[PDB]
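# Observations on chain architecture
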Amino acid sequence: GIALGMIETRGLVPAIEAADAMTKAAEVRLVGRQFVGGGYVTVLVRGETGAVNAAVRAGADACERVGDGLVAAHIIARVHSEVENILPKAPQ
Amino acid sequence: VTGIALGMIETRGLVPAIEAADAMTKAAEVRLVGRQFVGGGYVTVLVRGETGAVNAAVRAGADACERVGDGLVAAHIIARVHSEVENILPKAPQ
Amino acid sequence: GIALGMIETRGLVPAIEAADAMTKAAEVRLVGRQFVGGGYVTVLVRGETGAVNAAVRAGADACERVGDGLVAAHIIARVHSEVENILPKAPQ
Amino acid sequence: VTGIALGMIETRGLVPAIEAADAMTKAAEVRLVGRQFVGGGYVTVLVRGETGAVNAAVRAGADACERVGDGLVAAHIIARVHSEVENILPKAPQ
Amino acid sequence: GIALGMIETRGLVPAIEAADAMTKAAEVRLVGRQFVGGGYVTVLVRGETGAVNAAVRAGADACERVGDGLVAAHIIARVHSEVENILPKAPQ
Amino acid sequence: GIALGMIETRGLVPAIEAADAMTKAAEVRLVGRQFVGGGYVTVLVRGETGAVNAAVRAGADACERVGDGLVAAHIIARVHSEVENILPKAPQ
Amino acid sequence: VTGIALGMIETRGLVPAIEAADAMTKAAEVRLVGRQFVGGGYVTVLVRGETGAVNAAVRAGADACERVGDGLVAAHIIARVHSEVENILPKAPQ
Amino acid sequence: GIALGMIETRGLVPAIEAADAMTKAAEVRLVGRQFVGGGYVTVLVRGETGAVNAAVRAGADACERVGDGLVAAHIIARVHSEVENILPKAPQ
Amino acid sequence: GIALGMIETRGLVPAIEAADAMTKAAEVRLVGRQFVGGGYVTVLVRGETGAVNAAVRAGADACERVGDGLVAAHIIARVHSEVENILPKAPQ
Amino acid sequence: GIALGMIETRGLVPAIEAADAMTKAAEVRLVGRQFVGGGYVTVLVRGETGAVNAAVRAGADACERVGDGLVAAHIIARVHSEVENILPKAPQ
Amino acid sequence: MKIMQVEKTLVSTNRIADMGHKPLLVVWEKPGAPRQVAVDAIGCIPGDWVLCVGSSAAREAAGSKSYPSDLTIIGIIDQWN
Amino acid sequence: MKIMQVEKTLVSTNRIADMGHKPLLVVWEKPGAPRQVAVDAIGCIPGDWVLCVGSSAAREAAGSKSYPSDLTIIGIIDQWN
Amino acid sequence: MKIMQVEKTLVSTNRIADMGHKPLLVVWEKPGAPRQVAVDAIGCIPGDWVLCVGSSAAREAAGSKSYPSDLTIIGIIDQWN
């Protein structure tokens, strides 16, 4: 699957909780955790479209009430090839 | 993809920036040349191309990312970039 | 133990106090202190589920009234294998 | 200077932190072991020493820096530091 | 001289203006410019006590109205030897 | 597909109508019909995530107005291996 | 998975019970040992494990199933089960 | 002992808690757990009269606030020989 | 994929915009553009269920404000074999 | 220890009570009793910082309600070498 | 608080009514040590290692400020030998 | 009050909710002496020599007049052997 | 109450703020006996024979109904050996 799931949170604890929720909810691969700056943290998953939809829904629900909460939850079904250059491949 | 025009979109957070980059690259024939973490939550994505393509791409990206996450901060186009500014413009996204 | 506990604070002093309280409360290992950005600091511990529960509760209680205070206190009893790639293994 | 107690002061900005460090080191027999830029403007200074010395130093530093610049955020003392926390405590200021 | 002058500003432009003002006002050495984080910038000078007093006064006056303005202006006549380890020696 | 769809109804007629609706709406396998007790009846389907989503939506819409109506409609994208032991494999 | 603690969740209907079982098994290292049709619509799911794991699992399961279908009835934990009660506790889900 | 104690609850969780509390409270033998129907569950113990009295009191106290609660808690010190034909001898 | 996506618009410009939006949003095949009569225009896509869901959502959002706007947006997860005879195979 | 504690009172009776309380409270050495003039009397102790802190607190508490009462109770943990020239070394 | 092992149950039929319905357990620090009786506020089996509190805290731990108890079990130790 | 040395931590997951979030430590007067459990109101490491108070004072020292404790650590001794 | 001899002073810098300013003394029934720590409400020197009260009376003897003490010195014995 090549769909992209994205959850942004205020702080790292809601981000980790969201990542755990998505990876438990569906068969998606956690490909990155980014410290954006100013407290924003983003977690990204890849997988089939339906799996990513389920994972993002579960992650948003799980992290909405943890810590300072959730900022954004977005799904891109098909990513343009140019955008692949700014997406991490592995969660270093 | 040729052209030396520059299109920039600034957002609050990474998710709207990624949505804007996807929208720009889908809307027009532009190259994504960089994503920059400015600090304090600002994220900027930059594209290059012909003037008309960059104009269309920036319009589409602003429209797409204005409602995602914490939203959109800036959307700007420069038709011709001075050679001095090319030293501070990234060449590849990485 | 493979359970995970984390505490997020505003500033470094409450984070240090929270980490000290957790490690004194139970048999848990401090695996990371992350400067999230914008003032957020997160400390993470690993151990058996009951030990982590006790440690996180004690740490939240201890750091609640220190400095700018506590942001989040969370326990994940069973961590998905994907999240281990973004969890640190030792502090720096 | 011996002792394993820890004293910490958190301020908004570097000037109050430097004033607090000077006040602590002048007030008591403590070692300045670190100044950390937390992010978002927070700065933390850490001292080590005996429990009474660290107590006096932290009191003096908080009093001195509370009125400098953007002020004081936190002032805390830990008499005995768990060995796990020593891994995240700096050993030399640098 | 071993006195210490310190000016903290919101942003880099007032900090540079303050540094120029102090170094023009008195015979002081600019020993550091620190990006504190969150927008704070600090500039430090060393010199004789009276020179540092004059320099800090001039720098505060010059930078108080530039950009987002001045945060703090402080003088320490005699610095404890322990504090020297956290002060830069040269403005890298 | 290993996603799980579930519809619970008050009575057997809405349950049968829901099962017919899901199996017609998407390519899902009807794996069980359970008489819970007290009038509750549950019908379970398995399949790909998107197929199960469509099937459950259609079944809920079809059975919501039949007889005593619908009690619950739920989708689990990825079922934990332990839960498989309480799910029927074939609709006996 | 070892441990002799017992965690039980009672719901109205089978769908919330299945959701609770999934949530428990995903949340903690527990074994699902039974699903029982009590009568009158009550359904009970039982897990075994260590005390902390069972505590976490029961909390997660109650939170997950409280809003599904006709809802949640009971959520309880017994750290140590008397040997007499093991005769009425199921050993395998089946 | 030939005394009989029984506790009736709404649901199985309070019944299990009541049986556990009784057997922990006194030296009594759990001889049955009956699904009465309509949600009623009854647990029965046998033993010496004082032991059964203590066990039933403790079990009622423990199960009063669990789930849908307690229905009945009764002690029969001397059971007529006819009732033994409807009393179970061992649980299933 | 054999799911069917359908968008109906008032006029041809919103229909073309919707077709572009769906084909960019997901991996779907544009199989027909029909001039219904009276100004109605319908565009049809085929693909996997999740891809078609994403494509139809994107197309409806894109064409809702163009020209005289959107009339209908519908998804059929599994098409009955009889209905295949009235659906175009290629966009002539 | 080289820390310094001092208590100032109005009159000699509260000063004697304060000195007695300090020396009984901790391991400190009474190094001076000074008749300041105008009724002021000051007693000074030396020792380790914690011992001096405890002694001064106890002495202030003890002498607060004796005679004309307490004027000052102060602790100097680190005494500058210059002040040692005005500090007495032994009482008279 | 003391760490003690539960030995067996104890029944006193004619105990004062202030004791309510709470059960009683025989506890000791180790087999062969002097025996004590505690109010079981948790629910424990023989052989369990438990935490017991005395003094006035046992009264509130057993249910009320006026409960007649000077030893109450307040928890089961997760791992002990 | 008694002078005791902290040995190790203690965890009771199913302890009564009245215990709050406070941690528990195993203490003894010396290695090999009978073990006791205290509420840690200070934050102590193993090997620390601590001051422990019992009776009704331990309840208030642990946080409230109704806290279920009969032994609370109230300080770390600066120098002891 | 118990008759005890004062041995030495005790300092705990990080003790809880509820302890106020009161000093602490190490006491024992005789040299070599187990050591205890008492709040000095009188002011005593090493070697003094003192009267020590425990339980809840020590709290009020130390200054207030909520003072954290279970052993307080309340007097010096005029003549004792």
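Residues numbered from 1 in each chain as written, not as in the entry; some residues may be left out. Chains lettered and ligands numbered in written order. Part of a larger assembly, values for the part shown. Heavy atoms only, no water.

### Quick notes on the overall build of chain K
Scanning chain K from terminus to terminus reveals one helix and five strands. Relative to a compact globule of 81 residues, whose C-alpha radius of gyration would be 12 Å, chain K shows 12 Å and is just as compact. The dimensions of chain K, computed from C-alpha atoms along their principal axes, are 35 × 25 × 20 Å. When burial is assessed residue by residue, chain K has 54% of its 81 residues classed as buried. Long-range contacts, defined here as pairs at least 24 residues apart, represent 51% of the contacts in chain K between residues at least 6 apart. When the accessible surface of chain K is totalled, it reaches about 3600 Å², and 51% of it is carbon and sulfur. In chain K, the 8 positive side-chain charges and the 8 negative ones have mean positions that sit 5 Å from each other. (Helix = DSSP H or I, 4+ residues; strand = E, 2+ residues; numbered from the N terminus. Rg over C-alpha atoms; globule rule 2.2 N^0.38 Å. Buried < 20%, exposed > 50% of the residue type's maximum accessible area, 1.4 Å probe, protein only. Contact = heavy atoms within 4.5 Å. Areas by Shrake-Rupley, 256 points an atom, 1.4 Å probe, with all protein chains shown as cover. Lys, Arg positive; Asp, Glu negative; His and termini not counted. Charge placed at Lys NZ, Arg CZ, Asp CG, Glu CD.)

### Details of the sheet that holds strand β2 (residues 24-28) of chain M
Strand pairing in a sheet relies on backbone hydrogen bonds. The paired strands run either parallel or antiparallel. Residue and element names in this part refer to chain M. Judged by pairing direction, the barrel is mixed, and its five strands sit side by side in the order β1-β2-β3-β5-β4 before closing back on the first. Going from strand to strand, the sheet's axes swing by 55° on average, the running direction of each strand aside. Pairing geometry for strand β3 (residues 36-40) and strand β5 (residues 71-76), over two bridges, is parallel. Across the sheet, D40 pairs through a bridge with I73, a residue of β5. (Pairing = 2+ DSSP bridges. Axes fitted to C-alpha atoms, helices over the stretch in contact; angles between N-to-C directions.)

### What about the interface of chain A and chain B?
Between chain A and chain B, the contact holds 23 residues from the first and 24 residues from the second. Counting the surface lost from both chain A and chain B, the interface buries some 1900 Å², and carbon and sulfur atoms represent 67% of this. Among the residues of chain A in contact with chain B, A:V36, A:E82 and A:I86 are the three that bury the most area, contributing 29% of the side total. Counting across the chain A and chain B interface gives one salt bridge. The salt bridge partner of A:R10 is B:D70, with a shortest N-O separation of 3.9 Å. In this structure, the connection of chain A to chain B is made through 10 residue pairs in polar contact. Secondary structure elements with two or more residues in the side of chain A that touches chain B: β1 (3-10), β2 (29-37), β3 (40-47) and β4 (70-76) of chain A. Residue composition of the side of chain A that touches chain B, grouped by class: 12 nonpolar, seven polar and four charged. (Buried area = accessible area lost by both parts, 1.4 Å probe. Salt bridge = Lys/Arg side-chain N within 4 Å of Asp/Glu carboxyl O. Polar contact = N/O pair within 3.5 Å; in protein donor to acceptor, adjacent residues only side chain to side chain. Nonpolar A, V, L, I, M, F, W, Y, C, P; charged D, E, K, R; others polar.)

### Some words on the UniProt feature "domain: BMV" in chain K
If you check UniProt for "domain: BMV", the listed places come out as residues 1-78 of chain K in our numbering. A helix fraction of 6% and a strand fraction of 40% characterise residues 1-78 of chain K, whose end C-alpha atoms lie 16 Å from each other. (UniProt positions renumbered as here; feature names shortened; annotations may be inferred.)

### A short note on the layout of surface pockets
Taken as a whole, the second largest pocket holds about 830 Å³ of empty space. Residue lining of the second largest pocket: 32 residues in total, with L:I77, L:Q79, L:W80, L:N81 and M:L10 positioned closest to the centre. Among the secondary structure elements, those contributing two or more residues to the lining of the second largest pocket are α2 (51-65) of chain D, α2 (49-63) of chain J together with β1 (2-10) of chain M. Here the lining of the second largest pocket takes three residues from β1(M), the largest share from any one element. (1 Å grid on protein atoms, 1.4 Å probe; cavity = no way out; pocket = protein on both sides within 12 Å on 5 of 7 lines; lining within 4 Å. Points joined across faces, edges and corners; volume = space filled by probe spheres on them.)

### Comments concerning the sheet that holds strand β2 (residues 29-37) of chain E
A sheet is described by the order of its strands in space; here four strands give the open sequence β2-β3-β1-β4 (chain E), paired in antiparallel fashion. A strand with exactly one partner marks an edge of an open sheet, and here the two such strands are β2 and β4 (70-76) of chain E. For this sheet, the mean inter-axis angle between neighbouring strands, taken without regard to orientation, is 15°. Where β2(E) meets strand β3 (residues 40-47) of chain E, seven bridges bridge the pair, whose relative direction is antiparallel. Among the inter-strand pairings, E:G32 is bridged to a residue of β3(E), identified as E:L44. Packed on one face of the sheet, helix α1 (residues 14-27) of chain D meets β1 (3-10), β2, β3 and β4 of chain E and runs near 25° to β4(E). Here helix α2 (residues 49-63) of chain E sits on the sheet and contacts β1, β3 and β4 of chain E; the angle it forms with β1(E), its principal contact strand, is near 10°.

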